[PDB]
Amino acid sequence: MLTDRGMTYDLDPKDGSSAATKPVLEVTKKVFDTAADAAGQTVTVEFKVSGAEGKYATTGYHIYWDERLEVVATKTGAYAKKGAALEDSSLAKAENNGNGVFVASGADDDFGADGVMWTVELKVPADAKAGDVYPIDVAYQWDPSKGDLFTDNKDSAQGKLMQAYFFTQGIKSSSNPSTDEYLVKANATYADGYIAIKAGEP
């Protein structure tokens, strides 16, 4: 089970189609051949940014996964661990959020790099079946008190355009849906990656 928790990106500007920096986030799409190959496996799920080398400082976005997956916490209890894209970012924090996590970063200049921002260890249940798709969602959220971020150190006009791109075009959502066949079959085209098991029907 997953739900579509993402919200409509509604700050000014909301059209990032002319952003100098067009950050794209890719999420692991792990596919197992058989239920027996998948059952009880822990998969490292990477959240990997491209096109924003040296262009960002301040990030914060939501991750959710199918409720049937079991997260394997870090030694500190965190559900996500920072990756190489964040190695030059002095501030990095993951807060747990049920079947999900909130991941945030900060830097004293535009030290954000391309590559793996975060990883999440997700374990496939013992009763996994051929055909199962466990979707993994990156989502924008906002409320009047605060919202998700992908901006530069000064939070410049270009950083706000880059943020608009990141949330509207850089990640999948109900307004930018996946066409990946696994997510279509999962009825989760708002999601971004997955752990799947092949159905292997003629």
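Just count from 1 along the sequence shown to find any residue number.
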Worksheet item: Once you work out the mean C-alpha B-factor for both 83-91 and 126-134 from the entry, which is higher?
Response: 126-134
Worksheet, complete the sentence: Going by the entry, of stretches 17-25 and 181-189 the one with greater average Cα B-factor is 181-189
Worksheet, complete the sentence: Among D148, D37, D155, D66, the highest C-alpha B-factor in the PDB entry belongs to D37
Worksheet entry | Out of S175, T44, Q163, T59, highest CA B-factor residue | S175
Item to complete: Could you look up the Cα B-factor of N97 in the entry and say which third of the chain it sits in: lowest, middle or highest?
Response: middle
